[PDB]
Amino acid sequence: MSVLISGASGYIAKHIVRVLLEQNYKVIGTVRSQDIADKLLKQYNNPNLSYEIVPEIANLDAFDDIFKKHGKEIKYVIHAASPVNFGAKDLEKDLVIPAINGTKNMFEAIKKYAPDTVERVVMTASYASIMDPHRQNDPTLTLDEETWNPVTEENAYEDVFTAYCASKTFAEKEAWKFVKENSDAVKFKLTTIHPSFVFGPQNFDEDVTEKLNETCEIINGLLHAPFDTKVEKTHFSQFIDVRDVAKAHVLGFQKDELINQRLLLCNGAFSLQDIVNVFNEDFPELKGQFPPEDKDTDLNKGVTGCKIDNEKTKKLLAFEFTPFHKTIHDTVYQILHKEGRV
Ligand SMILES: NC(=O)c1ccc[n+]([C@@H]2O[C@H](COP(=O)([O-])OP(=O)(O)OC[C@H]3O[C@@H](n4cnc5c(N)ncnc54)[C@H](OP(=O)(O)O)[C@@H]3O)[C@@H](O)[C@H]2O)c1
């Protein structure tokens, strides 16, 4: 009844491991190096938690060693390892290749060593593999759980963001392709989670460092920006709380109605100024120490960009999502409380 989760040191995965441990699961996480494993084991301080070392998912057969040693005992797999680096130097190598190869390596290791053992696979895809990056401010476009990013390998490398979205899209394509062709060879059922911009507090307060993970560094950077910094007010994208994402991942392998499902995790439109407005609204004693408030955003006049039809996802998950104001507030409080300012 064990749960294996790849990339267990990331922002989202650290919340997934907490949720798995709260439900008294035996968890095997994969991390790059021994020192990361040593710090995480000390942080969780839980006998049910162990870590295996996978230093690079892009590389041939990266996950056979785990299923070599642990195959008999692994019942669920959560494939969350994928690079989120909007400062990538080499778009293929740093985003596309690890995303695709990591997913291919994980599924082949299951097929080779635990074909009749693993029951469910929950893969962390992205809203990026459902949305169209060129049409996020298009109110005529409606996105649901069957929509696909139309990006091609030809136009995937427009910039670092389109490359990341293509890496998520191409990786999820390979996963579903693997499932359709190996349906009689392997036993497991596949579920994919598609979060948008994930905000929320870090699972551990001490992980609040100078530079956070990419999406939460959006909030952190704005929180420490000079007062005269330009903040955009036009519609940016969709958000989701990290605690909702972690919860959805665990339900992904417990609930039979989530089998063969793509789960679109969004809970509202926002701009960078709407985030800044939470700084000024919830912590007014620090007004002037970050960009000022301005209620005149796209969101506040009803402009929310492309339509999100995830009623199927919300129905199947059957739990309520965390609203935007609370998500940003909990993120900001953790940083300010860590700095000793509130
Ligand atoms: N953040 C979002 O808004 C968002 C939205 C949708 C989907 N997602 C997906 O959620 C997952 C976690 O995202 P996150 O925000 O938690 O990112 P993160 O904090 O940077 O975590 C990424 C995790 O994956 C590992 N990893 C990445 N590339 C790797 C490679 N080539 N070899 C081995 N390990 C690798 C990282 O290990 P190291 O740090 O040691 O490299 C880290 O543990 C990602 O798959 C991402 O695509 C995120």
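Numbering of residues begins at 1 and proceeds along the displayed sequence.
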Below 4.0 angstrom, N of the basic side chain to O of the carboxylate: do [X] and [Y] qualify?
X: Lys112; Y: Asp64; answer: no
X: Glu206; Y: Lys338; answer: no
X: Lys39; Y: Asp207; answer: yes
X: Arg32; Y: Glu56; answer: yes
X: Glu22; Y: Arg18; answer: yes

Do [X] and [Y] have side-chain heavy atoms sitting under 4.5 Å apart?
X: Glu281; Y: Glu293; value: yes
X: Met106; Y: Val77; value: yes
X: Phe178; Y: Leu190; value: no

Checking salt bridge (charged side-chain N to carboxylate O under 4.0 Å, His left out) against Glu311, which of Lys315, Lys307, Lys314 comes through?
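Output: one option passes, namely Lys314.
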Between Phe253 and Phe188, is a ring-ring contact (aromatic ring centres under 6.0 Å, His included) present by the stated rule, with each step listed?
CA-CA 10 Å; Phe253 70 84; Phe188 69 82; over 10 Å; no
State, to 0.1 Å, how close [X] and [Y] come at their nearest heavy-atom pair, and which atoms those are.
X: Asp241; Y: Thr327; value: OD2-OG1, 2.7 Å
X: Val160; Y: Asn85; value: CG2-O, 3.8 Å
X: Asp132; Y: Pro150; value: OD2-CG, 3.4 Å

For a quick check under 3.5 Å, do [X] and [Y] share a side-chain donor-acceptor pair by atom type?
X: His79; Y: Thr103; value: yes
X: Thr124; Y: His249; value: yes
X: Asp244; Y: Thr322; value: yes
X: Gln289; Y: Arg341; value: yes
X: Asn310; Y: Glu145; value: no
X: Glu232; Y: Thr234; value: yes
X: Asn182; Y: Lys111; value: yes

Do [X] side-chain atoms and [Y] backbone N/O form a donor-acceptor pair below 3.5 Å?
X: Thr209; Y: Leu212; result: no
X: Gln136; Y: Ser237; result: no
X: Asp309; Y: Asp144; result: no
X: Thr313; Y: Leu264; result: yes
X: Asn45; Y: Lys42; result: no

Using side-chain contact (heavy atoms from CB on, under 4.5 Å), reason through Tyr127 and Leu265 one step at a time and then give a plain yes or no.
CA-CA 7 Å; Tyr127 161 74; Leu265 261 56; over 6 Å; no
Would you say [X] and [Y] are hydrophobically clustered, going by side-chain heavy atoms of ILVMFWY under 4.5 Å?
X: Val3; Y: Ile28; result: no
X: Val118; Y: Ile78; result: no
X: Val242; Y: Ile5; result: yes
X: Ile53; Y: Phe67; result: no
X: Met123; Y: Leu251; result: no

Give a yes or no on whether the ring-centroid distance for [X] and [Y] is below 6.0 angstrom.
X: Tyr113; Y: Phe63; result: no
X: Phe227; Y: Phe290; result: no
X: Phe199; Y: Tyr11; result: no
X: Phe283; Y: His329; result: yes
X: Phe236; Y: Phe197; result: yes

Between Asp296 and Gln273, is a side-chain hydrogen bond (donor to acceptor under 3.5 Å, both in side chains) present by the stated rule, with each step listed?
CA-CA 9 Å; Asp296 192 17; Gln273 179 65 46; over 6 Å; no
Report the residue from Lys168, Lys173, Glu172 that forms a side-chain hydrogen bond (donor to acceptor under 3.5 Å, both in side chains) with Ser129.
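In the set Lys168, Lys173, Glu172, the residue that makes a side-chain hydrogen bond (donor to acceptor under 3.5 Å, both in side chains) with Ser129 is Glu172.
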For the atom pair [atom1] ([X]) and [atom2] ([Y]), what is the distance rounded to the nearest 0.5 Å?
X: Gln261; Y: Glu146; atom1: CD; atom2: CD; answer: 9.0 Å
X: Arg135; Y: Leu141; atom1: CZ; atom2: CG; answer: 4.0 Å
X: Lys72; Y: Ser2; atom1: NZ; atom2: OG; answer: 8.0 Å

Tell me whether the guanidinium CZ or amine NZ of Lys247 lies under 6.0 angstrom from the six-membered ring centre of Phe319 and within 45° of its axis.
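That pair qualifies as a cation-pi contact.
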Test side-chain hydrogen bond (donor to acceptor under 3.5 Å, both in side chains) on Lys26 and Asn48; report intermediate values, then the result.
CA-CA 5 Å; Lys26 147 85 148 193; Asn48 295 313; over 6 Å; no
For a side-chain contact (heavy atoms from CB on, under 4.5 Å) check, start with the C-alpha distance between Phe107 and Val186, then their side-chain angles and the critical distance, and finish with the verdict.
CA-CA 10 Å; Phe107 284 28; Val186 305; over 6 Å; no
Answer yes or no: are there more than 12 heavy-atom neighbours, outside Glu181 itself, under 6.0 Å from its atom CD?
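Atom CD in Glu181 is packed in, count exceeds 12.
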Taking CD in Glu153 as the centre, count heavy atoms belonging to other residues, nucleotides or ligands within less than 6.0 Å. Is the count above 12?
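Counting other residues, nucleotides and ligands, CD of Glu153 stays at 12 neighbours or fewer.
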side-chain hydrogen bond (donor to acceptor under 3.5 Å, both in side chains) between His15 and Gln202: does it pass, once the steps are laid out?
CA-CA 8 Å; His15 277 281; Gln202 312 281 314; over 6 Å; no
How far apart are the C-alpha atoms of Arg243 and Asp330, what are their side-chain angles, what is the distance that settles it, and do they pass the salt bridge (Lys or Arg N to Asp or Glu O under 4.0 Å) test?
CA-CA 11 Å; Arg243 288 154 299 189; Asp330 293 347; 3.0 Å; yes
